[PDB]
Amino acid sequence: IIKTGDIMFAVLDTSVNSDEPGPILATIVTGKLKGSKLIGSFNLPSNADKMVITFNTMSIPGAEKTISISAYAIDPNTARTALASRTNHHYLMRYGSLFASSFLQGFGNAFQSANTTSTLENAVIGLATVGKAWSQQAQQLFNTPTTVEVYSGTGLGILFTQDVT
Amino acid sequence: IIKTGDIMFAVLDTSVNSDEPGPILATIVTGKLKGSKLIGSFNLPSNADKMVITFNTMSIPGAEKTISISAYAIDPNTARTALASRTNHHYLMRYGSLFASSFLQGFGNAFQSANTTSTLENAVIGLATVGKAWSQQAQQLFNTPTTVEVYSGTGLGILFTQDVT
Amino acid sequence: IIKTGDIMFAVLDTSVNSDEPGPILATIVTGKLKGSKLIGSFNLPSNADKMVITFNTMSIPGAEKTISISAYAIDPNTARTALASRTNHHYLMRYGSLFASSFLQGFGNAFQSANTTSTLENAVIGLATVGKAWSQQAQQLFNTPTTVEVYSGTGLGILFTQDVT
Amino acid sequence: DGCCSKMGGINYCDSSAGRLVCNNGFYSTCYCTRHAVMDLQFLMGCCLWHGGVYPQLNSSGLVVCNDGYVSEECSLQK
Amino acid sequence: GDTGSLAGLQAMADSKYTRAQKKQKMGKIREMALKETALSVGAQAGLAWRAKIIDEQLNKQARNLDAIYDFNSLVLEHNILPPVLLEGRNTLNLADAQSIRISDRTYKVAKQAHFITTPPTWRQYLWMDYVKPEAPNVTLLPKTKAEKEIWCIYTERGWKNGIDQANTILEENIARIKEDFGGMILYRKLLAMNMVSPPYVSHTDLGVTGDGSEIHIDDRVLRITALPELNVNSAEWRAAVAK
């Protein structure tokens, strides 16, 4: 018998990159249930300003039963929903690749255009033709999002949604 | 017996960003109900002139029941329906990125144009080509809204909608 | 027995912006019914000529009854249906942003066209390229109307439509 | 502060009398254990000299005692 | 103006007061909740404070209470609590028209006598329960200075109300213990007057009892066989006189 919408603690012990969702287990560390383990998963948001773990597969020892109370997560001693991780993983790399391909395209075309009014010609040559395919390939691969990653040494706080017996 | 549409209070202890909905609980601190918890969720408005938490699931201690008196939120000590939060999160970032991409493209093309009437040529080169790709990518990314976020220590007021027993 | 279409007084203690409709309740302080209160909602007109509240869910305390007498609202001591609020909320911001984006576009094109008849050219550059993207974005965002918002301390009058008992 | 002040100091607590013993062989004026001789006359709580607090979380603000007496001053008022 | 009301009505026909009334109408329509909350919290705080003061004043002079309310003096010889009697003089009832029923004096048993272990004290009759409330919460706040001042004066009125409630409760307890004590002393005086019956008891003695497992070396069982009650015949009534 658990009241609807109260907050309990759990501790997350193993980490995972947010590219393959999967069953992630925590150990419930406070409350009436002790020694109990729980598996769930995450979902990837479009904007990564928060990250939560859906938690439904609850195993309690003593007797071989598996209740399925489903609940969400909040950051303990913070009481907010964000994930304490890095979000700027893959911005600057693709930015630099695109801008370098651009600079090549511009070098070849503009310093060929300035020919009217040897080595400089070959510089025009090289940047002129290696800008283009690399630029369209950079816009091809530019779409990969910046991954988040939950950590193996920070717990989480689980707030209830329904009742169990 | 609760009359249809008087005003009660609660204190909210948990914060959440306006990106992924979920269960959010308030602590009813006064009235006939003590120890009462109230879970609900939120919705994302198109304009930031108000922001509310839609409350549906009431849990009351003492007796094992779960009544369904559902209600909305007003701001504490304002009696208004707006939410005390910040909304200038992503004006300036997208504005400056788009405008810098534009100014780059314009710099390269017009200082190419004024050539008739080597380092300055390379300035033309870099600006003329890193303006355009960043401009189309910035207009690709320009549509992301500024999120709002509630706080983890603010009370709220709740106006009743129906009767219970 | 209530006369079909008489005038009652209702007490408004909570405010709402005219963006999301909701159950808004006032308290009747006069007449035969004591302690009675009435919830309803508002509507968004196309033009801001007046703003009114429709009221449907009427409750008389003591006994468990909930009548549904429908009524409209008038401004007290004016005997008119307008709302005392603001209406110049979002004219000037969109006007200024649009006209500034325009002025940038015009500066670039005309001060580039007057070139035949470095830093000044860069001024032409900046206005020339940052005008157009902001111009189309402002023409995108111009469509938002001016919001009005009722107060949390001005009551209203109610004129009846049907009979109850 | 120092219970055995201006004395030999805290030696040990006698639990049969619930009192500390100073190093000079005198009974102190501080207690150590709960089960000693107190002299207190002011007491808190309600439903006193009655059945105690009825354990059921009632919806109404009136709180009754287990022996049936009604304590409205312990309760809230209308 | 309702005093010289024709002149006041001719004055209210003027348009100045007609528009003067609206800007005070909102103030006279938006103030009640602050007033009611101030009244309620003043009632709670004053009731608690006066209750604590009353308990301190009561426990300050407890010795004379034990001096006056010696139930242990009134416990009977078989450790029996005497019963409670109520008396009345100049009884008159009117059921309806053409019907008057009169009587001079009357008596009634209220609490039947029963066994006791310990004599009672005054504390269960007269101690006021005290618990400090440490939950000050404000729903709507007085936002202007006039609102805070009237909030203070309604808190003061609630303080007075809680004082009144505590005083009435204390006098209620005084009335109850007076009724019980008067009943017992009235019973003693009437038995001295030989109007009531004495309580009658018996004791049965049983020898060395118990089975082979456990034993009791005696067994005296005491039961009261006759409750006290009045006699309906007046021939056995003896008067008294002093000097």
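- In the PDB header, cryo-EM is given as the technique by which the entry was determined, and 4.6 Å as its resolution.

1. Describing the sheet that holds strand β4 (residues 37-42) of chain A
All names here are of chain A.
Then step 1. In spatial order, the strands read β6-β5-β4-β3-β1-β9-β7; together these seven strands make up an open sheet with antiparallel pairing. Taken across any chain shown, the strands that pair with only one partner, and hence form the sheet edges, are β6 (65-67) and β7 (72-74). Within the sheet, the average angular offset between the axes of one strand and its neighbour, ignoring direction, is 40°.
Then step 2. Direction of pairing for strand β3 (residues 24-28) relative to β4: antiparallel, over a ladder of four bridges. Pairing of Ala26 across the sheet is with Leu38, part of β4.

2. Comments concerning the interface of chain B and chain A
Then step 1. At the junction of the two partners, chain B supplies 36 residues and chain A supplies 33 residues.
Then step 2. For the chain B face of the interface with chain A, the top three residues by lost area are B:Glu20, B:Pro23 and B:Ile125, together amounting to 18%.
Then step 3. The interface formed by chain B and chain A holds one salt bridge in total.
Then step 4. One salt bridge connects A:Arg80 with B:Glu149, and the closest N-O pair in it is separated by 3.1 Å.
Then step 5. If you look at where chain B meets chain A, you find twelve residue pairs in polar contact.
Then step 6. Counting residues per element, the side of chain B that touches chain A draws most heavily on helix α2 (residues 119-141) of chain B, at ten residues.

3. As for the state of the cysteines
All names here are of chain D.
Then step 1. In the structure shown here, the tally under the stated rule is five disulfides over all chains.
Then step 2. The disulfide that involves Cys4 links it to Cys22, with 2.0 Å between the sulfurs. Taking the sign of the S-S torsion, -90° for the link of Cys4 and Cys22, the bridge is left-handed. Here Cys4, found in the segment before β1 (10-14), pairs with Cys22, found in strand β2 (residues 19-22); they are 18 residues apart in sequence, far enough to count as distant.
Then step 3. The partner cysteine of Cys47 in its disulfide is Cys65, sulfur to sulfur 2.0 Å. Taking the sign of the S-S torsion, about -85° here, the bridge from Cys47 to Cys65 comes out left-handed. Placement of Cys47 in the segment after β3 (27-31) and of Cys65 in the segment after β3 is noted, with a sequence separation of 18 residues between them.
Then step 4. Residue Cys47 is classed as buried on the basis of its relative accessible area, which comes to 2%.
Then step 5. Under the relative-accessibility criterion, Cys65 is labelled buried at 3%.

The rules behind these values
Residues numbered from 1 in each chain as written, not as in the entry; some residues may be left out. Chains lettered and ligands numbered in written order. Part of a larger assembly, values for the part shown. Heavy atoms only, no water. Pairing = 2+ DSSP bridges. Helix = DSSP H or I, 4+ residues; strand = E, 2+ residues; numbered from the N terminus. Axes fitted to C-alpha atoms, helices over the stretch in contact; angles between N-to-C directions. Contact = heavy atoms within 4.5 Å. Buried area = accessible area lost by both parts, 1.4 Å probe. Salt bridge = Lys/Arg side-chain N within 4 Å of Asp/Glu carboxyl O. Polar contact = N/O pair within 3.5 Å; in protein donor to acceptor, adjacent residues only side chain to side chain. Disulfide = S-S within 2.5 Å. Buried < 20%, exposed > 50% of the residue type's maximum accessible area, 1.4 Å probe, protein only.

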